[PDB]
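So the chains spell out like this:
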Amino acid sequence: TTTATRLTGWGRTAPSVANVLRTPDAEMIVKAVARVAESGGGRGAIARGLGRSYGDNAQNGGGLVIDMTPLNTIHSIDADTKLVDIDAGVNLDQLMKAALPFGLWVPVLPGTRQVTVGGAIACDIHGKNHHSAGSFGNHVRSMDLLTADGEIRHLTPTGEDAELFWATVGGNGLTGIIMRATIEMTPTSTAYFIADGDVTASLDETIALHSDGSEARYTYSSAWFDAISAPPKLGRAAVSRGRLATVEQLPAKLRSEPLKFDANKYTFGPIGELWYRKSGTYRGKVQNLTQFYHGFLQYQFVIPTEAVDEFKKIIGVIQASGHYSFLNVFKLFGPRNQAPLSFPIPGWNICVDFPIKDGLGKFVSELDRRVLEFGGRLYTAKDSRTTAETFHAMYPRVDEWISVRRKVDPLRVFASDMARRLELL
Ligand SMILES: Cc1cc2nc3c(=O)[nH]c(=O)nc-3n(C[C@H](O)[C@H](O)[C@H](O)COP(=O)(O)OP(=O)(O)OC[C@H]3O[C@@H](n4cnc5c(N)ncnc54)[C@H](O)[C@@H]3O)c2cc1C
């Protein structure tokens, strides 16, 4: 039934061999968990989605990995209740396509739509709209969770079982296997955005633009960030902010199908600086999703809002480090949710991408130290190399979480490389 496969995260690193069960049959999945649970705990099992996490959370060296992607049935979409009832293996692209004709919008979209609902819940994913909509877990109204004892529990965010619900959110598959879930969607009259763009000249401007109160006028907001240039150019950004369009705001050419989907010699001189300011500055531009969205070590952290000087310092440490990240996504996160292991907290969030090079491993450890000291944290979906000590200090509700985890899996039936590395087992 199960194939001995060699798995990595998206980052393609720290590989381990696991037995991969790949079946559309939910009964064969309940029975595999039943089959891991009688052998004491062994090296346990972990669910896997589309494998878009960069780290080691969806692999289990010498254990069972359950590929959930065949479980990809959309059960119902209701435009009156805004509810979708889907298998955990459906991905967000599939869901977005299916839901559009109902005037329904996926409430949190990450950078790639090739992620499963299970992965979205287990990493409590965030998107361009976090400050206004929170993260993925905020919009789950129920889920069905295959736990260690082979029973399927029906969890809701409030009432009985809320605790296990909120431990599952952001729990990296370590509470069991999400089989099915109900998501509340965001109503929309169009598949379009109305976007405003701005280009800042420095880090100070970027931060200033995100604290001048303008952010409250936008539901969606993110920025491409300069992390290579020396000050004052360091931290200059192309900001893209917006909100879903209404049909009255579409041009006539689009208004009849409102929900349908489908370096020269100047470049680094003053004419290019002008061109790029001009091209990046705009108001009320109508965009579809693709236009509005757009050997390596991926690293993402958030620093709490107040610690602005500390955030500025970390960015300085980054550019003077001799490690050059060209692709950097910046955003200001809004209020957190009640999940103990949820990554997002209100504050300055950035994702960087370092070429793998001599000194890099030791430099990001130092980064960890700084991020930790400044009260922020790393994102498990990007990580495969931080220590359990650092992680546990970054997430002070980890003991709270672990304690919930030991109630629901005393025999450690669910386990992964990440769980063992970060001592979440
Ligand atoms: C190009 C790119 C851009 C990205 N942008 C963003 C972004 O903007 N915001 C953001 O928050 N993230 C982003 N991510 C990270 C990604 O959204 C998460 O890593 C997500 O969890 C991946 O989903 P997956 O289905 O691929 O799950 P996998 O990577 O296969 O697994 C991820 C985790 O979820 C658990 N899991 C999966 N299915 C289940 C299940 N059925 N039951 C229980 N647990 C399960 C796994 O055990 C594992 O712990 C990005 C990733 C990439 C590659």
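Here the residues of each chain are numbered from 1 in the order the sequence is written, which can differ from the numbering of the entry; residues without coordinates are not included. In computing side-chain properties, one takes all heavy atoms of the structure into account and sets aside hydrogens as well as water. Residues with missing side-chain atoms are left out of burial classes, side-chain pairs and their counts.

- Its PDB header attributes the entry to X-ray crystallography and lists the resolution as 2.230 Å.

**Focus: the sheet that holds strand β8 (residues 140-146)**
Right, on to step 1. For two strands to count as paired, DSSP must find a minimum of two bridges between them. Labels follow the DSSP assignment, with helices taken as runs of H or I lasting at least four residues and strands as runs of E lasting at least two, numbered in each case from the N terminus. Here five strands make up an open sheet; going across it, the order is β5-β6-β10-β8-β9 and the pairing antiparallel. Strand pairing shows two members of the sheet lacking a second neighbour, β5 (74-78) and β9 (152-155), which therefore form its edges. With direction set aside, neighbouring strand axes in the sheet form an average angle of 10°.
Right, on to step 2. Contact criterion: two residues are considered in contact whenever any of their non-hydrogen atoms come within 4.5 Å of each other. Orientation is described by axes fitted as lines to C-alpha atoms, over the contacting stretch for helices, and by angles from 0 to 180 degrees between their N-to-C directions. Contacts from helix α1 (residues 26-37) reach β8, β9 and β10 (177-184), with the element oriented near 130° to β10.

**Concerning the sheet that holds strand β3 (residues 45-48)**
Right, on to step 1. Ordered in space as β1-β2-β4-β3, the four strands form an open sheet in which the pairing is mixed. Edge positions in the sheet fall to β1 (2-7) and β3, since each has one partner strand and no second. Strand-to-strand, the axes of this sheet are offset by a mean angle of 35°, without reference to chain direction.

**Focus on the site of the ligand**
Right, on to step 1. We call a residue near a molecule or strand as soon as one heavy atom of that residue lies within 4 Å of the molecule or strand. Around the ligand, a shell composed of 32 residues is seen, among which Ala47, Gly49, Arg52, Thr116 and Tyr379 lie nearest.
Right, on to step 2. Within the backbone of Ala47, one N or O atom sits 2.7 Å away from an oxygen atom of the ligand.
Right, on to step 3. Residues adjacent in sequence count toward polar contacts only when both atoms are side-chain atoms; beyond that, a polar contact is any pair of N or O atoms within 3.5 Å, and within protein one must be able to donate a hydrogen and the other to accept it. Within the backbone of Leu50, a nitrogen or oxygen atom sits 3.1 Å from an oxygen atom of the ligand.
Right, on to step 4. In this description, accessible areas are obtained by the Shrake-Rupley approach with a 1.4 Å probe, and a residue is regarded as covered only by the protein chains that are shown. Burial of the ligand by the surrounding chains reaches 92%, relative to a free accessible area of 970 Å².
Right, on to step 5. Elements with a minimum of two residues in the shell around the ligand: β3, α3 (117-122) and β10.
Right, on to step 6. Residues are grouped as follows: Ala, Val, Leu, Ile, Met, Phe, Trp, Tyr, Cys and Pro are nonpolar; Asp, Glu, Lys and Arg are charged; every other residue, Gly included, is polar. Tallied by class, the residues present in the shell around the ligand amount to 17 nonpolar, 13 polar and two charged.

**Observations concerning the nonpolar core**
Right, on to step 1. We call a set of buried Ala, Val, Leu, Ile, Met, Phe, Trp, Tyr and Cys residues a nonpolar core when their side-chain atoms join them within 4.5 Å. Under the scheme applied here, a residue whose accessible area is under 20% of the maximum for its type counts as buried, over 50% as exposed, and between as partly exposed, the area being computed with a 1.4 Å probe on protein chains only. Of all hydrophobic cores here, the largest spans 101 residues; its most connected members are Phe301 and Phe354.
Right, on to step 2. Those residues in contact with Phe354 that sit more than four places away from it in its chain are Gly295, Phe296, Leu297, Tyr299, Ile318, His323, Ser325, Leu360, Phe363, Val364 and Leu367.
Right, on to step 3. With 16 residues, the next largest nonpolar core counts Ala32, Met68, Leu146 and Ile177 among its residues.

**Observations regarding the pattern of salt bridges**
Right, on to step 1. Counted as salt bridges are all cases of a side-chain nitrogen of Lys or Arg within 4 Å of a carboxyl oxygen of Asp or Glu. What the rule picks out here adds up to 19 salt bridges.
Right, on to step 2. A salt bridge links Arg153 to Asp161; its shortest N-O distance comes to 2.8 Å.
Right, on to step 3. Under the relative-accessibility criterion, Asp161 is labelled partly exposed at 32%.
Right, on to step 4. For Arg420, the salt bridge identified is with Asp417, shortest N-O distance 2.9 Å. On the criterion of helical spacing, the pair formed by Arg420 and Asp417 is a turn pair, its members being three residues apart in helix α13 (residues 417-421).
Right, on to step 5. Relative accessible area serves as the criterion here: at 15%, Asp417 is assigned to the buried category.
Right, on to step 6. Members of the salt-bridge network, linked through shared partners, are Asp56, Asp368, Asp383, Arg385 and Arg421.

**Observations concerning the UniProt feature "domain: FAD-binding PCMH-type" in the chain**
Right, on to step 1. When the UniProt feature table is mapped onto this chain numbering, "domain: FAD-binding PCMH-type" sits at residues 13-188.
Right, on to step 2. The straight-line gap between the two end C-alpha atoms of residues 13-188 is 40 Å; of that span, 21% is helix and 27% is strand. UniProt positions are given in the numbering used here, feature names are shortened, and annotations may be inferred rather than shown by experiment.

**Some details on a nonpolar patch on the surface**
Right, on to step 1. Grouping into patches uses exposed residues only, defined as over 30% relative accessible area, and leaves out salt-bridged ones; the cut-off is 9 Å for like charges and 5 Å for nonpolar side chains (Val, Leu, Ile, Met, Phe, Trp, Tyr). Together, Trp224, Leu327 and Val329 line one region of the surface with nonpolar side chains, adding up to about 290 Å² of accessible area.
Right, on to step 2. You can see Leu327 is positioned in the loop between α9 (308-319) and β17 (329-333).

**So, the packing of aromatic side chains**
Right, on to step 1. Note on aromatic pairs: the rings of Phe, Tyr and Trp (six-membered ring only in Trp) are paired at centre separations within 6.5 Å, and the planes decide the class, stacked below 30 degrees, edge-to-face beyond 60, tilted for the rest. Evaluated as defined, the whole model comprises 15 aromatic pairs.
Right, on to step 2. Look at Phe165 and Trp166: their rings are 5.0 Å apart centre to centre, the planes differ by 75°, and that puts the pair in the edge-to-face class. Accessibility classification places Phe165 together with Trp166 in one group, the buried group.
Right, on to step 3. Consider the rings of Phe193 and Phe292, whose centres lie 4.0 Å apart with planes at 15°: the pair is stacked. No difference in accessibility class separates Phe193 from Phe292, as the two residues are buried.
Right, on to step 4. Of the aromatic side chains, those joined through ring pairs into one cluster are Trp105, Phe193, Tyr220, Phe292 and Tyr293.

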